[PDB]
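> Contents of upload-v2.txt (compact mmCIF, N, CA, C and O atoms and all ligand atoms) are below:
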# COMPACT_ATOMS: atom_id res chain seq x y z
N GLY S 447 0.80 -1.23 0.00
CA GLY S 447 0.00 0.00 0.00
C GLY S 447 0.83 1.28 0.00
O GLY S 447 2.03 1.25 0.31
N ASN S 448 0.20 2.41 -0.35
CA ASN S 448 0.83 3.73 -0.34
C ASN S 448 0.36 4.56 0.86
O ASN S 448 -0.84 4.69 1.11
N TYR S 449 1.33 5.14 1.57
CA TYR S 449 1.15 5.94 2.78
C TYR S 449 1.81 7.33 2.69
O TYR S 449 1.88 8.07 3.67
N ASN S 450 2.31 7.71 1.50
CA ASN S 450 2.96 9.00 1.24
C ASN S 450 1.99 10.21 1.21
O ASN S 450 2.46 11.35 1.20
N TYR S 451 0.68 9.98 1.19
CA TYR S 451 -0.35 11.03 1.14
C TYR S 451 -1.02 11.23 2.50
O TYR S 451 -1.51 10.27 3.11
N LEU S 452 -1.04 12.47 3.01
CA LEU S 452 -1.25 12.75 4.43
C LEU S 452 -2.09 14.01 4.70
O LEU S 452 -2.05 14.98 3.93
N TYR S 453 -2.80 14.03 5.82
CA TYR S 453 -3.65 15.14 6.25
C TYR S 453 -3.43 15.50 7.73
O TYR S 453 -2.80 14.76 8.49
N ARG S 454 -3.91 16.68 8.13
CA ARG S 454 -3.74 17.22 9.48
C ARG S 454 -4.57 16.42 10.49
O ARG S 454 -5.78 16.65 10.62
N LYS S 462 -8.44 30.02 8.89
CA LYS S 462 -8.51 31.11 7.92
C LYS S 462 -8.47 30.56 6.48
O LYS S 462 -7.75 29.59 6.23
N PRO S 463 -9.18 31.15 5.49
CA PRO S 463 -9.04 30.77 4.09
C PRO S 463 -7.59 30.81 3.60
O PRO S 463 -6.85 31.73 3.95
N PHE S 464 -7.18 29.84 2.78
CA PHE S 464 -5.86 29.74 2.14
C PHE S 464 -4.63 29.82 3.06
O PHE S 464 -3.51 29.99 2.57
N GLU S 465 -4.76 29.67 4.38
CA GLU S 465 -3.61 29.48 5.27
C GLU S 465 -2.96 28.10 5.05
O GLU S 465 -3.66 27.12 4.77
N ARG S 466 -1.63 28.01 5.16
CA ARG S 466 -0.82 26.77 5.03
C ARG S 466 -0.06 26.49 6.33
O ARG S 466 0.35 27.41 7.04
N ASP S 467 0.12 25.21 6.64
CA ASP S 467 0.71 24.71 7.88
C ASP S 467 1.57 23.46 7.62
O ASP S 467 1.05 22.35 7.54
N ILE S 468 2.88 23.63 7.44
CA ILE S 468 3.78 22.54 7.07
C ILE S 468 4.13 21.68 8.29
O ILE S 468 4.70 22.17 9.28
N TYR S 489 0.71 14.21 21.72
CA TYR S 489 -0.11 13.98 20.54
C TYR S 489 0.10 15.05 19.45
O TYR S 489 0.10 16.25 19.75
N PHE S 490 0.24 14.62 18.19
CA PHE S 490 0.40 15.51 17.03
C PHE S 490 -0.48 15.07 15.84
O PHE S 490 -0.55 13.87 15.54
N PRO S 491 -1.14 16.01 15.14
CA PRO S 491 -2.13 15.72 14.10
C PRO S 491 -1.48 15.41 12.74
O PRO S 491 -1.49 16.23 11.82
N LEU S 492 -0.90 14.22 12.62
CA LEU S 492 -0.46 13.64 11.35
C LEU S 492 -1.24 12.35 11.09
O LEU S 492 -1.15 11.41 11.88
N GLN S 493 -1.98 12.28 9.98
CA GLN S 493 -2.71 11.08 9.57
C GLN S 493 -2.45 10.76 8.10
O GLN S 493 -2.94 11.45 7.21
N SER S 494 -1.68 9.71 7.82
CA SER S 494 -1.55 9.17 6.47
C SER S 494 -2.85 8.50 6.03
O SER S 494 -3.39 7.66 6.76
N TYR S 495 -3.31 8.80 4.83
CA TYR S 495 -4.25 7.91 4.14
C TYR S 495 -3.58 6.56 3.85
O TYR S 495 -2.36 6.50 3.66
N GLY S 496 -4.36 5.48 3.80
CA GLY S 496 -3.91 4.19 3.29
C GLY S 496 -4.52 3.92 1.91
O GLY S 496 -5.69 3.53 1.83
N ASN I 165 14.44 26.28 1.15
CA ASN I 165 12.98 26.24 1.07
C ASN I 165 12.41 27.62 0.70
O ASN I 165 11.49 28.13 1.36
N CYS I 166 12.95 28.22 -0.38
CA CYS I 166 12.54 29.53 -0.91
C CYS I 166 11.28 29.27 -1.75
O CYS I 166 11.18 29.63 -2.92
N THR I 167 10.37 28.51 -1.11
CA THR I 167 9.20 27.80 -1.69
C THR I 167 8.20 28.77 -2.32
O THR I 167 7.66 28.49 -3.39
N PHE I 168 8.03 29.93 -1.70
CA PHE I 168 7.67 31.15 -2.40
C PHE I 168 8.93 32.01 -2.39
O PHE I 168 9.54 32.22 -1.33
N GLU I 169 9.32 32.51 -3.56
CA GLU I 169 10.37 33.50 -3.71
C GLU I 169 9.98 34.49 -4.81
O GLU I 169 9.35 34.10 -5.80
N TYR I 170 10.33 35.75 -4.64
CA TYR I 170 10.02 36.84 -5.56
C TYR I 170 11.15 37.87 -5.52
O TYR I 170 11.80 38.04 -4.49
N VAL I 171 11.40 38.57 -6.63
CA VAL I 171 12.48 39.55 -6.76
C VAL I 171 12.02 40.71 -7.64
O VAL I 171 11.15 40.56 -8.50
N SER I 172 12.56 41.91 -7.43
CA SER I 172 12.33 43.10 -8.26
C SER I 172 13.48 44.10 -8.17
O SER I 172 14.51 43.82 -7.55
N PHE I 186 18.24 63.54 7.95
CA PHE I 186 17.18 62.92 7.16
C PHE I 186 16.56 63.92 6.16
O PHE I 186 16.50 65.12 6.44
N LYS I 187 16.09 63.44 5.00
CA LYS I 187 15.47 64.30 3.97
C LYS I 187 14.28 63.67 3.23
O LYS I 187 13.45 64.41 2.70
N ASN I 188 14.13 62.35 3.26
CA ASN I 188 12.94 61.67 2.75
C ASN I 188 12.27 60.82 3.83
O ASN I 188 12.93 60.21 4.67
N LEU I 189 10.95 60.76 3.76
CA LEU I 189 10.11 59.88 4.54
C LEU I 189 9.64 58.75 3.63
O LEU I 189 9.01 58.99 2.60
N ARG I 190 9.94 57.51 4.01
CA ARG I 190 9.51 56.29 3.32
C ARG I 190 8.44 55.62 4.17
O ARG I 190 8.68 55.32 5.33
N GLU I 191 7.27 55.40 3.60
CA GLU I 191 6.08 54.89 4.30
C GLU I 191 5.60 53.60 3.66
O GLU I 191 5.70 53.43 2.45
N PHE I 192 5.03 52.71 4.46
CA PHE I 192 4.54 51.41 4.05
C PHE I 192 3.28 51.04 4.82
O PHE I 192 3.10 51.43 5.97
N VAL I 193 2.43 50.22 4.21
CA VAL I 193 1.31 49.56 4.88
C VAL I 193 1.34 48.09 4.52
O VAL I 193 1.39 47.74 3.34
N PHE I 194 1.27 47.23 5.52
CA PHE I 194 1.28 45.78 5.38
C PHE I 194 -0.04 45.23 5.92
O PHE I 194 -0.39 45.49 7.07
N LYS I 195 -0.74 44.41 5.14
CA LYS I 195 -1.89 43.66 5.66
C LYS I 195 -1.97 42.27 5.05
O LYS I 195 -1.40 42.02 4.00
N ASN I 196 -2.67 41.37 5.72
CA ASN I 196 -2.68 39.95 5.41
C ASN I 196 -4.12 39.42 5.45
O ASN I 196 -4.68 39.24 6.53
N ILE I 197 -4.74 39.21 4.29
CA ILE I 197 -6.17 38.86 4.17
C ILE I 197 -6.33 37.67 3.21
O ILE I 197 -5.85 37.72 2.09
N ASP I 198 -7.06 36.64 3.64
CA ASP I 198 -7.39 35.45 2.83
C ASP I 198 -6.16 34.83 2.13
O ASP I 198 -6.22 34.41 0.97
N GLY I 199 -5.03 34.79 2.83
CA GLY I 199 -3.77 34.22 2.34
C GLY I 199 -2.92 35.15 1.48
O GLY I 199 -1.82 34.75 1.11
N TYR I 200 -3.37 36.38 1.20
CA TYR I 200 -2.61 37.38 0.45
C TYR I 200 -2.01 38.43 1.39
O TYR I 200 -2.74 39.10 2.13
N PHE I 201 -0.70 38.62 1.33
CA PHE I 201 0.02 39.67 2.04
C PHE I 201 0.26 40.84 1.09
O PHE I 201 0.97 40.71 0.09
N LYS I 202 -0.36 41.98 1.37
CA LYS I 202 -0.41 43.15 0.50
C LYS I 202 0.50 44.24 1.04
O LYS I 202 0.42 44.55 2.23
N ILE I 203 1.32 44.83 0.18
CA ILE I 203 2.21 45.94 0.52
C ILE I 203 1.84 47.17 -0.29
O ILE I 203 1.89 47.16 -1.52
N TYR I 204 1.52 48.26 0.40
CA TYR I 204 1.40 49.60 -0.16
C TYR I 204 2.59 50.43 0.29
O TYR I 204 3.18 50.11 1.32
N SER I 205 2.94 51.50 -0.40
CA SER I 205 4.05 52.36 0.03
C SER I 205 4.00 53.78 -0.54
O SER I 205 3.19 54.07 -1.42
N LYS I 206 4.83 54.67 -0.01
CA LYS I 206 5.11 55.99 -0.59
C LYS I 206 6.52 56.45 -0.22
O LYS I 206 6.94 56.25 0.91
N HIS I 207 7.23 57.14 -1.11
CA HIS I 207 8.40 57.95 -0.76
C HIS I 207 8.05 59.43 -0.96
O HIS I 207 7.46 59.78 -1.99
N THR I 208 8.39 60.30 -0.01
CA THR I 208 8.16 61.74 -0.13
C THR I 208 9.28 62.54 0.55
O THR I 208 9.76 62.12 1.60
N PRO I 209 9.66 63.72 0.03
CA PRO I 209 10.56 64.62 0.74
C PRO I 209 9.88 65.26 1.95
O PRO I 209 8.65 65.36 2.01
N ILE I 210 10.69 65.71 2.90
CA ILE I 210 10.29 66.36 4.16
C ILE I 210 11.17 67.59 4.48
O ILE I 210 12.27 67.73 3.94
N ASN I 211 10.70 68.46 5.38
CA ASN I 211 11.51 69.54 5.96
C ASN I 211 11.60 69.47 7.50
O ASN I 211 12.63 69.87 8.06
N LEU I 212 10.60 68.93 8.20
CA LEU I 212 10.73 68.60 9.63
C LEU I 212 11.57 67.33 9.80
O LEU I 212 11.04 66.22 9.89
N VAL I 213 12.89 67.49 9.86
CA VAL I 213 13.86 66.38 10.04
C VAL I 213 13.58 65.55 11.30
O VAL I 213 13.87 64.35 11.33
N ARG I 214 13.00 66.16 12.34
CA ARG I 214 12.72 65.56 13.64
C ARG I 214 11.56 64.55 13.66
O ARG I 214 11.63 63.60 14.45
N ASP I 215 10.49 64.73 12.87
CA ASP I 215 9.27 63.92 13.01
C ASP I 215 8.31 63.92 11.80
O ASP I 215 8.43 64.75 10.90
N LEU I 216 7.34 63.00 11.79
CA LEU I 216 6.29 62.86 10.76
C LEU I 216 5.57 64.20 10.46
O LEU I 216 5.14 64.87 11.39
N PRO I 217 5.38 64.57 9.18
CA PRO I 217 4.79 65.86 8.81
C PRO I 217 3.27 65.87 8.99
O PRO I 217 2.58 64.86 8.78
N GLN I 218 2.73 67.03 9.35
CA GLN I 218 1.31 67.19 9.68
C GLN I 218 0.37 67.26 8.46
O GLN I 218 -0.85 67.17 8.60
N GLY I 219 0.92 67.41 7.24
CA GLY I 219 0.17 67.38 5.97
C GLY I 219 -0.35 65.99 5.57
O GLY I 219 -0.31 65.04 6.36
N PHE I 220 -0.79 65.84 4.32
CA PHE I 220 -1.46 64.63 3.84
C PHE I 220 -0.92 64.12 2.49
O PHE I 220 -0.68 64.90 1.57
N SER I 221 -0.75 62.80 2.37
CA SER I 221 -0.44 62.09 1.12
C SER I 221 -0.92 60.64 1.22
O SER I 221 -0.97 60.09 2.33
N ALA I 222 -1.28 60.00 0.11
CA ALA I 222 -1.85 58.66 0.08
C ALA I 222 -0.89 57.62 -0.49
O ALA I 222 -0.31 57.83 -1.56
N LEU I 223 -0.73 56.51 0.22
CA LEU I 223 0.12 55.38 -0.18
C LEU I 223 -0.55 54.59 -1.31
O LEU I 223 -1.77 54.50 -1.39
N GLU I 224 0.24 53.95 -2.16
CA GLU I 224 -0.24 53.22 -3.33
C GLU I 224 0.35 51.80 -3.41
O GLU I 224 1.45 51.58 -2.90
N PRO I 225 -0.39 50.81 -3.93
CA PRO I 225 0.01 49.41 -3.85
C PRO I 225 1.24 49.14 -4.71
O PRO I 225 1.25 49.52 -5.88
N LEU I 226 2.23 48.42 -4.18
CA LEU I 226 3.39 47.97 -4.95
C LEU I 226 3.48 46.45 -5.07
O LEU I 226 4.04 45.96 -6.05
N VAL I 227 2.97 45.68 -4.11
CA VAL I 227 3.16 44.22 -4.09
C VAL I 227 1.94 43.50 -3.54
O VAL I 227 1.23 44.02 -2.68
N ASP I 228 1.74 42.28 -3.99
CA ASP I 228 0.75 41.35 -3.47
C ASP I 228 1.32 39.92 -3.52
O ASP I 228 1.67 39.41 -4.58
N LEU I 229 1.48 39.31 -2.35
CA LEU I 229 2.20 38.05 -2.15
C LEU I 229 1.21 36.95 -1.74
O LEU I 229 0.63 37.03 -0.65
N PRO I 230 1.05 35.86 -2.51
CA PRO I 230 0.06 34.82 -2.26
C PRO I 230 0.50 33.80 -1.18
O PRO I 230 0.28 32.60 -1.32
N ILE I 231 1.20 34.26 -0.13
CA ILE I 231 2.07 33.42 0.70
C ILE I 231 1.39 32.54 1.76
O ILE I 231 1.99 31.56 2.20
N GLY I 232 0.14 32.81 2.15
CA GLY I 232 -0.66 31.90 2.98
C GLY I 232 -0.16 31.63 4.42
O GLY I 232 -0.34 30.52 4.91
N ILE I 233 0.46 32.60 5.10
CA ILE I 233 1.03 32.42 6.46
C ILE I 233 0.15 33.08 7.53
O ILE I 233 -0.28 34.22 7.37
N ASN I 234 -0.06 32.40 8.66
CA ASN I 234 -0.64 32.98 9.89
C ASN I 234 0.36 33.90 10.62
O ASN I 234 0.91 33.54 11.66
N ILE I 235 0.65 35.09 10.08
CA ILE I 235 1.55 36.07 10.72
C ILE I 235 0.90 36.67 11.97
O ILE I 235 -0.25 37.11 11.91
N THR I 236 1.65 36.76 13.07
CA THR I 236 1.24 37.43 14.32
C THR I 236 2.31 38.37 14.88
O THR I 236 1.98 39.20 15.73
N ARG I 237 3.55 38.31 14.39
CA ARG I 237 4.70 39.13 14.83
C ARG I 237 5.51 39.62 13.64
O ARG I 237 5.50 39.00 12.58
N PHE I 238 6.26 40.70 13.83
CA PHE I 238 7.22 41.19 12.85
C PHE I 238 8.43 41.87 13.48
O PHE I 238 8.41 42.29 14.63
N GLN I 239 9.51 41.98 12.72
CA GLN I 239 10.78 42.57 13.13
C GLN I 239 11.38 43.31 11.93
O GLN I 239 10.96 43.06 10.80
N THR I 240 12.33 44.22 12.11
CA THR I 240 12.92 45.00 11.00
C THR I 240 14.44 44.89 10.94
O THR I 240 15.10 44.65 11.95
N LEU I 241 14.99 45.00 9.73
CA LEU I 241 16.36 44.66 9.38
C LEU I 241 17.20 45.91 9.14
O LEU I 241 16.80 46.83 8.42
N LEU I 242 18.37 45.94 9.77
CA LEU I 242 19.27 47.09 9.80
C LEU I 242 20.63 46.69 9.20
O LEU I 242 21.18 45.64 9.54
N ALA I 243 21.16 47.52 8.30
CA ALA I 243 22.47 47.30 7.70
C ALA I 243 23.61 47.61 8.70
O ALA I 243 23.64 48.69 9.28
N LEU I 244 24.56 46.68 8.86
CA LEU I 244 25.79 46.87 9.64
C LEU I 244 27.03 46.75 8.74
O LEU I 244 27.17 45.80 7.97
N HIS I 245 27.93 47.73 8.86
CA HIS I 245 29.15 47.85 8.05
C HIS I 245 30.04 46.60 8.11
O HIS I 245 30.31 46.06 9.19
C1 LIG V 1 -2.06 32.04 14.48
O1 LIG V 1 -0.97 32.04 15.47
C2 LIG V 1 -1.39 32.34 16.86
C3 LIG V 1 -0.17 32.31 17.79
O2 LIG V 1 0.76 33.36 17.46
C4 LIG V 1 -2.47 31.34 17.31
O3 LIG V 1 -3.09 31.87 18.54
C5 LIG V 1 -3.14 31.01 19.73
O4 LIG V 1 -4.19 29.99 19.57
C6 LIG V 1 -4.38 29.10 20.75
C7 LIG V 1 -5.55 28.16 20.45
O5 LIG V 1 -5.32 27.49 19.19
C8 LIG V 1 -4.64 29.94 22.00
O6 LIG V 1 -4.64 29.08 23.17
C9 LIG V 1 -3.57 31.01 22.21
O7 LIG V 1 -3.92 31.81 23.38
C10 LIG V 1 -3.47 31.89 20.95
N1 LIG V 1 -2.47 32.95 21.13
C11 LIG V 1 -2.62 34.16 20.59
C12 LIG V 1 -1.44 35.12 20.73
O8 LIG V 1 -3.66 34.49 20.02
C13 LIG V 1 -3.60 31.24 16.29
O9 LIG V 1 -4.54 30.22 16.73
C14 LIG V 1 -3.10 30.96 14.86
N2 LIG V 1 -4.24 30.99 13.93
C15 LIG V 1 -4.36 30.16 12.89
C16 LIG V 1 -5.57 30.38 11.98
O10 LIG V 1 -3.53 29.28 12.66
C1 LIG V 2 11.66 22.15 3.68
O1 LIG V 2 10.30 21.70 3.97
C2 LIG V 2 10.19 20.26 4.33
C3 LIG V 2 8.71 19.91 4.54
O2 LIG V 2 7.98 20.27 3.36
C4 LIG V 2 11.03 20.00 5.59
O3 LIG V 2 11.00 18.60 5.91
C5 LIG V 2 12.50 20.39 5.35
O4 LIG V 2 13.26 20.14 6.57
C6 LIG V 2 12.57 21.87 4.95
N1 LIG V 2 13.96 22.27 4.68
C7 LIG V 2 14.34 23.54 4.76
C8 LIG V 2 15.82 23.83 4.49
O5 LIG V 2 13.54 24.43 5.05
Rewrite the structure from the file as C-alpha cells, please.

Amino acid sequence: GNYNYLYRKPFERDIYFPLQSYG
Amino acid sequence: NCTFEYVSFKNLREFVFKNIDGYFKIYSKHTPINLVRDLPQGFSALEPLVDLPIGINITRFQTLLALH
C-alpha cells in the first residue's frame, strides 16, 4: 500500500500531534 | 525552502502591510520632508506595490538594519 499522502482562515498553510496518512 | 520567492534625514519612506485570505499586500510611498525631527502634519496617500500569495498565519514582525 501507499502511505505517502497525508492530512492534518481561508488559504492558510501549515507545514499527541495531528499527522494522519491515508492508506 | 525559498518555496515562495520573488524579486524586483530628507525623505520619509512609508509602508502599509496587511494579510487577508492568504494574500500579504504591501502599499508604500516615498516623499521629501523639511521637519527632520518627526512625521509631517500634511497629507499624502500610499499606493500598492506588491501582493504576495504566501498563505502564512503572521502574528509578529521585526525590522532589518544594515551593519558595516
Ligand atoms: C495564528 O498564530 C497564533 C499564535 O501566534 C495562534 O493563537 C493562539 O491559539 C491558541 C488556540 O489554538 C490559544 O490558546 C492562544 O492563546 C493563541 N495565542 C494568541 C497570541 O492568540 C492562532 O490560533 C493561529 N491561527 C491560525 C488560523 O492558525
Ligand atoms: C523544507 O520543507 C520540508 C517539509 O515540506 C522539511 O521537511 C524540510 O526540513 C525543509 N527544509 C528547509 C531547508 O527548510
> Apply DSSP to the structure's backbone, then extract all residues of chain I labelled strand (DSSP E or B) and return them as a count of residues only.
26
> Taking only residues of chain I that have an atom at most 7 Å from an atom of chain S, what is each one's shortest atom pair and its distance in Å to one decimal, using all atoms listed in the file, in chain and number order, as a Markdown table?

| residue | atom | partner | partner_atom | distance |
| --- | --- | --- | --- | --- |
| I:197 | C | S:463 | O | 6.0 |
| I:198 | C | S:463 | O | 3.7 |
| I:199 | N | S:463 | O | 3.7 |
| I:200 | N | S:463 | O | 6.4 |
| I:230 | O | S:464 | O | 6.0 |
| I:231 | C | S:464 | O | 5.6 |
| I:232 | O | S:466 | N | 2.8 |
| I:233 | N | S:466 | N | 5.0 |
| I:234 | N | S:466 | O | 5.3 |
> What is the distance, in Å and to one decimal place, between atom O of residue I:204 and atom CA of residue I:229?
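Between atom O of residue I:204 and atom CA of residue I:229 the gap works out to 12.6 Å.
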> What does the structure give for the distance between atom CA of residue I:167 and atom N of residue I:202, in Å to one decimal?
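Calculated distance between atom CA of residue I:167 and atom N of residue I:202 is 17.4 Å.
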> For a test of reading the model, state the distance in Å between atom N of residue I:243 and atom N of residue I:172, rounded to one decimal.
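Answer for the atom N of residue I:243 to atom N of residue I:172 separation: 18.8 Å.
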> Write a file for stretch 450-494 of chain S of the given structure; include N, CA and C atoms and format it as a compact mmCIF listing (two decimals), in the first residue's frame.

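File written: result21.txt
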# COMPACT_ATOMS: atom_id res chain seq x y z
N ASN S 450 2.31 7.71 1.50
CA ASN S 450 2.96 9.00 1.24
C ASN S 450 1.99 10.21 1.21
N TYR S 451 0.68 9.98 1.19
CA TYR S 451 -0.35 11.03 1.14
C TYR S 451 -1.02 11.23 2.50
N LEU S 452 -1.04 12.47 3.01
CA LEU S 452 -1.25 12.75 4.43
C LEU S 452 -2.09 14.01 4.70
N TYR S 453 -2.80 14.03 5.82
CA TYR S 453 -3.65 15.14 6.25
C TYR S 453 -3.43 15.50 7.73
N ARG S 454 -3.91 16.68 8.13
CA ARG S 454 -3.74 17.22 9.48
C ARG S 454 -4.57 16.42 10.49
N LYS S 462 -8.44 30.02 8.89
CA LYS S 462 -8.51 31.11 7.92
C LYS S 462 -8.47 30.56 6.48
N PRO S 463 -9.18 31.15 5.49
CA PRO S 463 -9.04 30.77 4.09
C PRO S 463 -7.59 30.81 3.60
N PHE S 464 -7.18 29.84 2.78
CA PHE S 464 -5.86 29.74 2.14
C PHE S 464 -4.63 29.82 3.06
N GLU S 465 -4.76 29.67 4.38
CA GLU S 465 -3.61 29.48 5.27
C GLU S 465 -2.96 28.10 5.05
N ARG S 466 -1.63 28.01 5.16
CA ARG S 466 -0.82 26.77 5.03
C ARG S 466 -0.06 26.49 6.33
N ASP S 467 0.12 25.21 6.64
CA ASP S 467 0.71 24.71 7.88
C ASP S 467 1.57 23.46 7.62
N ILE S 468 2.88 23.63 7.44
CA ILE S 468 3.78 22.54 7.07
C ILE S 468 4.13 21.68 8.29
N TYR S 489 0.71 14.21 21.72
CA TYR S 489 -0.11 13.98 20.54
C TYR S 489 0.10 15.05 19.45
N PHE S 490 0.24 14.62 18.19
CA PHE S 490 0.40 15.51 17.03
C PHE S 490 -0.48 15.07 15.84
N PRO S 491 -1.14 16.01 15.14
CA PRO S 491 -2.13 15.72 14.10
C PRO S 491 -1.48 15.41 12.74
N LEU S 492 -0.90 14.22 12.62
CA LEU S 492 -0.46 13.64 11.35
C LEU S 492 -1.24 12.35 11.09
N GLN S 493 -1.98 12.28 9.98
CA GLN S 493 -2.71 11.08 9.57
C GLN S 493 -2.45 10.76 8.10
N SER S 494 -1.68 9.71 7.82
CA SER S 494 -1.55 9.17 6.47
C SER S 494 -2.85 8.50 6.03
